[PDB]
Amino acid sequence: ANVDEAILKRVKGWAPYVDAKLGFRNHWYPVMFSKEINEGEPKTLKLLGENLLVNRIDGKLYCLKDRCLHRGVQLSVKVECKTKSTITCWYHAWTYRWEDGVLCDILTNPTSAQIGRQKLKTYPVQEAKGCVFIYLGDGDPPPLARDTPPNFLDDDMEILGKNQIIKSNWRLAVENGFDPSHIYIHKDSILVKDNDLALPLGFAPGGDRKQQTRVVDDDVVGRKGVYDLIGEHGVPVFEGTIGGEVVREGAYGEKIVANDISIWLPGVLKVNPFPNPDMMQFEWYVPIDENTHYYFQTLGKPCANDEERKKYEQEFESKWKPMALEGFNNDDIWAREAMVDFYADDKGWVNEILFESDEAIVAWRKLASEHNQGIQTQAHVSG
């Protein structure tokens, strides 16, 4: 639907994924943090190419499509919430219910036959771990848990994060994240030196192709992901060589991190432990449009008591956010951006030359092609 049929034919083994330029419909996605949206103060945003309005009403979140049924203007241009339960289009005063999208009133024509007989599209919203998730799909939504990595929703897991808009397609973000050899870019990181991480330059793989990854299609709440097991049989590269001469060494720190690395639909990486042995990193690459994503970073630490919680809050702000979420991950941002040109025309998917450590990436592409819950197209974006 999205990509020239010529290219799609050439990537048969994961063509649904190459097509999913705008992301995967019928999944939950994080778009902002709970505390960024107050009572009665609506926010606009674009998710999988659709402009959305989110409002907090009696503590509860609601999401309407930010496009009037009449002449297709964004309501956010001028928000007129004249009652608690409604929003009034600034243009001809079509008035919709936040709860169900129902065109309940037209102030400029009380007697109109459209009234009660049209519905602005709505999307479920759920708040969890101080994160706002929207189900960008059709019908009654599945549990949040299906579209979140293992442990994100654990009772004791405290979640702190950061969100920004990055100018690359979401998939370039995903693949960079789940790429075992890309850790080469992080070799001069501030986190690596100052927090004494053990970090190889990469891995010389071992075993058959089936031992590189473990596909998880078999989760009890219905998660779909791929674990990267290149470390299992692989030999870490700590002395990098050219013509058999050593020209670069990995970092020989004492702290062991990134034991498990996994990628889950709809596109969320989990690295454990990271950036410290007492934490995990959960990060989403959410489609905004074909060129843009929210980089939705979260750090998780199990906490029992408030003093634990408040201590973590403080470590997050003084160490982890600036030294890890920025320090470390800023290189991931540049790397994503640097792939834009080669994949901009959709030709990159066929002219790329992969090598052994990309097995993980390929397993993700296959996984994503088979278990996605729909492909967002221009038809979803338009009408």
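Just count from 1 along the sequence shown to find any residue number. Each form is matched to the other, and the largest set of C-alpha atoms that superpose within 1.5 Å is called the rigid core.
Core-fitted comparison in 5 other deposited structures of this protein shows that, between 163-171 and 229-237, the CA atoms farther from the shown form belong to 229-237.
Taking the rigid core as the alignment reference, the C-alpha atoms of 197-205 lie farther on average from the displayed form in 5 other deposited structures of this protein than those of the other stretch among 260-268 and 197-205. The deposited model assigns a higher average Cα B-factor to 104-112 than to the other stretch when 178-186 and 104-112 are compared. Legend: mean Cα B-factor per stretch from the PDB entry, 283-291 versus 93-101; the higher mean is in 93-101. Ranking 266, 205, 72, 161 by the C-alpha B-factor listed in the PDB entry places 205 at the top. Comparing the listed residues 255, 121, 167, 146, the entry records the largest Cα B-factor for 255. For residue 29, the recorded CA B-factor ranks within the lowest third of the chain. Only modelled residues enter the ranking. Among the modelled residues of the chain, residue 297 sits in the lowest third by CA temperature factor in this PDB entry. Ranked within its chain, residue 351 lands in the middle third, by CA B factor from the PDB record. Sort the chain's modelled residues by C-alpha temperature factor and residue 320 lands in the highest third, per the entry. Among all modelled residues in its chain, residue 326 ranks in the middle third by Cα B-factor.
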